Amino acid sequence: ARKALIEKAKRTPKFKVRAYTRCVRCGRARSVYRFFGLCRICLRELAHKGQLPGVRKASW
Amino acid sequence: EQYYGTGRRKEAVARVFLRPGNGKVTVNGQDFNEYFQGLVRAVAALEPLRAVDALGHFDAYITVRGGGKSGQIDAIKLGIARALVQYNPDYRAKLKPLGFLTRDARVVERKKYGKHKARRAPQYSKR
Amino acid sequence: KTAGXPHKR
Amino acid sequence: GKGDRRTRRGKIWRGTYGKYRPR
Amino acid sequence: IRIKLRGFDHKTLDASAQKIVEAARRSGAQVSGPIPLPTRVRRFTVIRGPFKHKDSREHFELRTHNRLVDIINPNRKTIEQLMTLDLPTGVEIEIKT
Amino acid sequence: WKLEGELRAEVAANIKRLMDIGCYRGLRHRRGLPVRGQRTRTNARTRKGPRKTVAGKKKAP
Amino acid sequence: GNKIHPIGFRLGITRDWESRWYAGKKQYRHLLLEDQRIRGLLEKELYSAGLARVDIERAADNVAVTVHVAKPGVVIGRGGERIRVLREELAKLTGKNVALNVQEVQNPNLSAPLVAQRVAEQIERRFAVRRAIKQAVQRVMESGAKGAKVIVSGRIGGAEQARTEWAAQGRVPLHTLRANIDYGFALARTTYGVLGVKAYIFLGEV
Amino acid sequence: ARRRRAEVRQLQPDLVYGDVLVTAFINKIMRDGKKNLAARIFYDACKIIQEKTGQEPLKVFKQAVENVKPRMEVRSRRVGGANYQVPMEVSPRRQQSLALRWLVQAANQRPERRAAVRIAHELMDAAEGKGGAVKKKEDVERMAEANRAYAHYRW
Amino acid sequence: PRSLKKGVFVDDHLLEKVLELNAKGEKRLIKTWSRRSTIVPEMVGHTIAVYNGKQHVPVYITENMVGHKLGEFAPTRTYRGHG
RNA sequence: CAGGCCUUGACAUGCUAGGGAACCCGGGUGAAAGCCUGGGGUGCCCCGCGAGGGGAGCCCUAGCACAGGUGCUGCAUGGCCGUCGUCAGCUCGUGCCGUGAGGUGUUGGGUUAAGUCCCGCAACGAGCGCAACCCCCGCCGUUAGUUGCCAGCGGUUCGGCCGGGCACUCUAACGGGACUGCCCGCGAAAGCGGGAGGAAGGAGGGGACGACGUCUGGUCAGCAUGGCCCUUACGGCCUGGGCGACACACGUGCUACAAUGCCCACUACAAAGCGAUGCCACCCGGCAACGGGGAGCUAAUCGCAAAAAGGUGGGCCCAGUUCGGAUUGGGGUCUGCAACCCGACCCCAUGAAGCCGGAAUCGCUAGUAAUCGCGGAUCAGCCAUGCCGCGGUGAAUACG
Ligand SMILES: [Mg+2]
Ligand SMILES: [Mg+2]
Ligand SMILES: [Mg+2]
Ligand SMILES: [Mg+2]
Ligand SMILES: [Mg+2]
Ligand SMILES: [Mg+2]
Ligand SMILES: [Mg+2]
Ligand SMILES: [Mg+2]
Ligand SMILES: [Mg+2]
Ligand SMILES: [Mg+2]
Ligand SMILES: [Mg+2]
Ligand SMILES: [Mg+2]
Ligand SMILES: [Mg+2]
Ligand SMILES: [Mg+2]
Ligand SMILES: [Mg+2]
Ligand SMILES: [Mg+2]
Ligand SMILES: [Mg+2]
Ligand SMILES: [Mg+2]
Ligand SMILES: [Mg+2]
Ligand SMILES: [Mg+2]
Ligand SMILES: [Mg+2]
Ligand SMILES: [Mg+2]
Ligand SMILES: [Mg+2]
Ligand SMILES: [Mg+2]
Ligand SMILES: [Mg+2]
Ligand SMILES: [Mg+2]
Ligand SMILES: [Mg+2]
Ligand SMILES: [Mg+2]
Ligand SMILES: [Mg+2]
Ligand SMILES: [Mg+2]
Ligand SMILES: [Mg+2]
Ligand SMILES: [Mg+2]
Ligand SMILES: [Mg+2]
Ligand SMILES: [Mg+2]
Ligand SMILES: [Mg+2]
Ligand SMILES: [Mg+2]
Ligand SMILES: [Mg+2]
Ligand SMILES: [Mg+2]
Ligand SMILES: [Mg+2]
Ligand SMILES: [Mg+2]
Ligand SMILES: [Mg+2]
Ligand SMILES: [Mg+2]
Ligand SMILES: [Mg+2]
Ligand SMILES: [Mg+2]
Ligand SMILES: [Mg+2]
Ligand SMILES: [Mg+2]
Ligand SMILES: [Mg+2]
Ligand SMILES: [Mg+2]
Ligand SMILES: [Mg+2]
Ligand SMILES: [Mg+2]
Ligand SMILES: [Mg+2]
Ligand SMILES: [Mg+2]
Ligand SMILES: [Mg+2]
Ligand SMILES: [Mg+2]
Ligand SMILES: [Mg+2]
Ligand SMILES: [Mg+2]
Ligand SMILES: [Zn+2]
Numbered sequence: 002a003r004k005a006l007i008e009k010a011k012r013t014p015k016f017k018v019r020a021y022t023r024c025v026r027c028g029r030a031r032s033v034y035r036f037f038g039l040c041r042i043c044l045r046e047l048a049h050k051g052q053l054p055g056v057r058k059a060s061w
Numbered sequence: 002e003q004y005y006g007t008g009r010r011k012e013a014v015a016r017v018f019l020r021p022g023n024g025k026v027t028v029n030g031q032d033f034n035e036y037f038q039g040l041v042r043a044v045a046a047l048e049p050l051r052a053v054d055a056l057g058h059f060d061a062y063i064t065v066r067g068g069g070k071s072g073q074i075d076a077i078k079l080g081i082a083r084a085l086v087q088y089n090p091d092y093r094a095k096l097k098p099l100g101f102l103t104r105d106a107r108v109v110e111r112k113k114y115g116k117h118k119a120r121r122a123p124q125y126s127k128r
Numbered sequence: 001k002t003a004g005x006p007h008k009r
Numbered sequence: 002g003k004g005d006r007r008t009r010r011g012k013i014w015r016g017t018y019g020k021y022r023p024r
Numbered sequence: 004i005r006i007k008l009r010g011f012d013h014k015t016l017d018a019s020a021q022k023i024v025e026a027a028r029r030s031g032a033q034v035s036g037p038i039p040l041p042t043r044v045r046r047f048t049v050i051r052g053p054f055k056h057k058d059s060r061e062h063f064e065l066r067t068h069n070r071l072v073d074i075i076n077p078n079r080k081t082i083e084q085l086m087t088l089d090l091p092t093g094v095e096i097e098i099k100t
Numbered sequence: 064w065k066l067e068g069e070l071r072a073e074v075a076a077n078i079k080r081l082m083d084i085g086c087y088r089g090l091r092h093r094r095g096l097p098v099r100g101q102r103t104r105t106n107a108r109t110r111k112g113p114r115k116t117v118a119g120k121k122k123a124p
Numbered sequence: 002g003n004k005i006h007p008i009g010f011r012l013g014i015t016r017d018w019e020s021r022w023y024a025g026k027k028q029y030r031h032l033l034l035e036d037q038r039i040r041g042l043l044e045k046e047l048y049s050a051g052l053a054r055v056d057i058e059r060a061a062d063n064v065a066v067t068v069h070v071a072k073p074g075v076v077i078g079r080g081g082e083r084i085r086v087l088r089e090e091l092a093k094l095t096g097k098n099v100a101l102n103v104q105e106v107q108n109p110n111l112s113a114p115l116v117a118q119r120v121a122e123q124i125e126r127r128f129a130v131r132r133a134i135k136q137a138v139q140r141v142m143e144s145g146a147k148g149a150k151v152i153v154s155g156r157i158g159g160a161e162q163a164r165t166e167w168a169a170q171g172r173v174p175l176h177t178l179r180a181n182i183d184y185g186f187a188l189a190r191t192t193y194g195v196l197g198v199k200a201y202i203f204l205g206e207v
Numbered sequence: 002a003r004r005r006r007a008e009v010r011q012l013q014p015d016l017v018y019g020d021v022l023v024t025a026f027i028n029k030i031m032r033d034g035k036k037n038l039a040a041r042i043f044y045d046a047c048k049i050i051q052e053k054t055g056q057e058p059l060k061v062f063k064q065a066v067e068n069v070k071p072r073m074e075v076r077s078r079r080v081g082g083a084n085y086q087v088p089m090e091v092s093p094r095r096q097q098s099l100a101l102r103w104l105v106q107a108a109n110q111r112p113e114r115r116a117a118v119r120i121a122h123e124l125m126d127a128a129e130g131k132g133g134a135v136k137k138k139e140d141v142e143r144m145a146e147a148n149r150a151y152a153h154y155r156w
Numbered sequence: 002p003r004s005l006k007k008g009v010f011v012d013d014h015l016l017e018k019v020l021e022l023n024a025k026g027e028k029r030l031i032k033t034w035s036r037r038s039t040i041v042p043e044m045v046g047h048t049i050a051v052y053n054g055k056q057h058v059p060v061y062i063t064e065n066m067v068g069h070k071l072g073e074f075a076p077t078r079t080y081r082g083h084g
């Protein structure tokens, strides 16, 4: 239950509650940031890669 | 007509204006003992002049924002001690030996990932 | 060893 | 204490308001 | 003539602030200097590993710096010259009155 | 207001009819189990009572 | 299982983003998805041209897409034929003004993603992994670099026991921030599974 | 504390009597960072201790501290796997610390409802040689006298 | 519970079956998967087969159970104790 | 998991074939999915006054190829992570010694947080590590003066409110600054002690950063991937259920057992963040949750907002209580299609255990521990007492 579920998420749901976030890149239904539309894993991979504008490792 | 110092300590910043007078102080638009009422530590912000005997010779107009009422106090204690050496550079000695000329960098340490606070750790238990 | 489908466990 | 919703400290603890901590 | 510009890289942001402030310093009159607004920070804290390892993280921030420049007396020689200006891609500008 | 013994009558009467009809709450007043949807895997000791320890599963020597 | 990524470690210092633009919380994801969706198509096609980088810049309803490459030929095409045929298909997904460019790679053997891809490709052809590594390092140092290290990890030669093997020359100080270290990864699929090639090229300190 | 021995923190003298020993004693009263409340308790008792028994408050405080400082205590040493009770002379730093610590603890064991009264009476009883904190000092001094046989293991 | 500014909630497709019965001279067994339906005075006297995830459980409706929900009388877990 | 359904399939490319569909609204049945169905009616280019016939986005159905699998193998793998360990280490080139594994260098004296340096030496160099370059904090400067600031004049509905100004506080970019650089002493040196100056002194405090490798450590369920297995089913859609069960046992936590406390009223002082189907001032209804109005702000402007501990005054008087707030009855509010299973919140009533915890065991060396509140991510709501952050108050102790 993966590809059918990554496709059903894009679909408009019978009710606005059944809509849930989903990583655009890998398809994770969990730990999905609204801002990037990514998940915590892909977010880390693209940040280290430099393909996320302005984002960088924070240090304080 | 004025003598100014900037006192900082722990997110609290102080602007001290020392004008000659009866020894009357106000802080943020109200009286000293009105703004520090009930805080025994309050009498420590006016300690530097005790070292130069300037007790009742200066009135003080002082504003403070940020931090907390005890961090604000230590800022005042540095601020007036910073204005006095501006008024009288000779106040260098007898003030620096009393450490009134320095600001402590002692601020809150950041919380870190995998702890409860900066150093308090989650409880350990093998098995 | 790891339940998943038929193998269940 | 903080566990009693029917007091001010409890309302603060759960971050709610009511008769026992109004605005 | 109220001009605010934004970006993630401040070096590109402060650069384009110095350009425009000197565009009105050529033709025009009074510039209100490039005043820096407080930086708004959106942070992201992630479990550093793909599985299980909760007590190991990694922090990421996204900084959106803000600069403000005000042109006092416009003089449409400036309002013309501004149309031709090299504005890098890392900066987005907004103008009101 | 109705008070003391009179109040306890209606509290009893409501619990009893919850058990009579056989709703999910009345089933939990039967068995003395938590009624407001709490966990029973642990805790529940106020509603369930003092612990009744049992022999467990063992390892190999 | 411990070392941090060498680029993301130096971003804003010795390395700059491969997507340079501003956006707001309203359409940041929509644009970033576009970058990824665009960058997906490019690496798929321009692979045979040896794609070493994709730069993206944006203003509004327009985009840069500066493609660095070792062989501008497979990009431009006949008098600018492929460069058009792709730019056509490009904005066919962007719906914007997509102005593709093509920058030449000075020394390809001084680019990390290329060295990794040459080794990843060489081992798909069943070449001696241990040798391909030493040669690649040898080329990068002959190309003047101040240091190089190359890592292949997996079932080398198809062995059942997985293994890691590497070679290095000069110096590669990953802990040093002012040290420009180009990093690049290439993944080689084989009859027996996936291998992983890490290339580290140390250009110099700034 | 392997490398170097630690440094002893110097305390800001109190804003009334200007005495470090007073500041240290308030810190032993303080719980959860409430030094304001702490100093407030200590001073209220100074009132009580000047009302009852009209001596000077600060004078009663210091003498009570003196009557609670232990000059000898037992520690542990080795010689094989054995665990001896060795009588040791108490350092001035430690005499003060144990005296202050036992006072608050003895005070809080008292039955008076409010905190300042417990501290007032304990400081009074201690300055006259009674109280739990003095009974604790004499108790410690006894155990070092009994195990005086093992005094030759001292360092 | 549900805001009374909203309605006493019934899935309609069940209330439909109930009302046609009252008109036609009930009874009839009623199989529903709608546990979330609120019992309602038009249901008094019938028996409703409420699904509990595995089976449709008959529930004779009485006056004293009118205000409740349907799933309350089709328990969802079989337990019968330990040991 | 149960049951009702779908069979080139929810999805990818590719091949035909019939309809020849595009798109948007309906109907019957049904829990829904599904099955059955009815209307609004195709641009390319064309033979076009002709009936129109084809070609094609894209659709529908039939049929293939193939898709699909969070099925298995982390003992086939990539990638990433944990870990030893921020421990001072692991090595290489040539030379020398040894038949050889290998040794030497890297040992030794001294030194340091450190294979950090000094000195010595069949060793002489070099690499990965250490340190440094990077970030936050502490002092100072410069450049800036609105939405931030108000020192001093001028008005002032008495609110930095208007004039005025950028001094200051600030905000945010670039610089300065510390080097054991100076003095004394020890020393062969590196360094060590002490002192001066200084906001800061011996790496200033915190962060980012994790050597060759180890655990055949973790992850085939984020993703990728070899191989094995399923193909009207281990794939796919749906409604409902379960993931929340409960004789029990363990971990991590919240709230407490009270007077340095609890309650009520009044009154102060933060920081970091967040906010256009968002934050929502202010007003009214309501004990209230909230509802209804209804400004302002794409936000150093308007809002979240009250910070809490604290300060003042007042009450309780050592009680299982004006401690504790579990459990349960009843009544409501909000989100949501829907709160039975199985939501949060408000109000009335209920007011359990618990009198400081057996054997045992954990954290922390300073703005730390303890305590006090604040925000954010996820997010309709929320079982968050969790996590990542933020500041307020602020200790004890280190002989060894
Ligand atoms: Mg399935
Ligand atoms: Mg998949
Ligand atoms: Mg949701
Ligand atoms: Mg999600
Ligand atoms: Mg600051
Ligand atoms: Mg704190
Ligand atoms: Mg907290
Ligand atoms: Mg109470
Ligand atoms: Mg809030
Ligand atoms: Mg944890
Ligand atoms: Mg780590
Ligand atoms: Mg419930
Ligand atoms: Mg509940
Ligand atoms: Mg519950
Ligand atoms: Mg339950
Ligand atoms: Mg084969
Ligand atoms: Mg493994
Ligand atoms: Mg692995
Ligand atoms: Mg196997
Ligand atoms: Mg170290
Ligand atoms: Mg080791
Ligand atoms: Mg070793
Ligand atoms: Mg050799
Ligand atoms: Mg030889
Ligand atoms: Mg021989
Ligand atoms: Mg050797
Ligand atoms: Mg040597
Ligand atoms: Mg060694
Ligand atoms: Mg060796
Ligand atoms: Mg040796
Ligand atoms: Mg070295
Ligand atoms: Mg200035
Ligand atoms: Mg380092
Ligand atoms: Mg294993
Ligand atoms: Mg395992
Ligand atoms: Mg596999
Ligand atoms: Mg997989
Ligand atoms: Mg469920
Ligand atoms: Mg669970
Ligand atoms: Mg908890
Ligand atoms: Mg516990
Ligand atoms: Mg939020
Ligand atoms: Mg209060
Ligand atoms: Mg009781
Ligand atoms: Mg009892
Ligand atoms: Mg009570
Ligand atoms: Mg109820
Ligand atoms: Mg529920
Ligand atoms: Mg009691
Ligand atoms: Mg205890
Ligand atoms: Mg306690
Ligand atoms: Mg420590
Ligand atoms: Mg408490
Ligand atoms: Mg929510
Ligand atoms: Mg939420
Ligand atoms: Mg919170
Ligand atoms: Zn993802």
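Residue numbers (the entry's author numbering), protein chains in the order written: chain 1n, 2 to 61; chain 1i, 2 to 128; chain A, 1 to 9; chain 1u, 2 to 24; chain 1j, 4 to 100; chain 1m, 64 to 124; chain 1c, 2 to 207; chain 1g, 2 to 156; chain 1s, 2 to 84.
Quick reminder that beta carbons are idealized off the backbone N, C-alpha and C, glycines included.
Alpha-carbon to alpha-carbon, residue j and residue i
{"i": "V34 (chain 1j)", "j": "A84 (chain 1i)", "result": "35 Å"}
{"i": "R9 (chain 1u)", "j": "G39 (chain 1i)", "result": "24 Å"}
{"i": "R81 (chain 1s)", "j": "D58 (chain 1j)", "result": "42 Å"}
{"i": "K48 (chain 1g)", "j": "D32 (chain 1i)", "result": "27 Å"}
{"i": "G46 (chain 1s)", "j": "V74 (chain 1m)", "result": "27 Å"}
{"i": "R37 (chain 1s)", "j": "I14 (chain 1c)", "result": "59 Å"}
Residue i beta carbon near ligand 2 (any heavy atom closer than 7 Å)
{"i": "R3 (chain 1n)", "result": "yes"}
heavy atom of ligand 14 below 7 Å from residue i C-beta
{"i": "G19 (chain 1g)", "result": "no"}
Contacting residues, own chain, Cβ-Cβ under 6 Å from residue i (five flanking each side not counted)
{"i": "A128 (chain 1g)", "result": "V61, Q64, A65"}
7 Å CB neighbourhood of residue i in its chain, flanking five on each side removed
{"i": "residue 209 (chain 1c)", "result": "The structure shown does not extend to residue 209 (chain 1c), since chain 1c is modelled only from 2 to 207, so the question has no answer here."}
Name the residues in the region 44 to 68 of chain 1s whose C-beta lies less than 8 Å from a C-beta of chain 1m; which are they?
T63, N65, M66
Listed in chain order, which residues of the region 99 to 120 of chain 1i have Cβ atoms closer than 8 Å to some Cβ of chain 1j?
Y114, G115
Interface residues of the region 40 to 51 of chain 1i facing chain 1g [CB-CB below 9 Å]
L40, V41, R42, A43, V44, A45, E48
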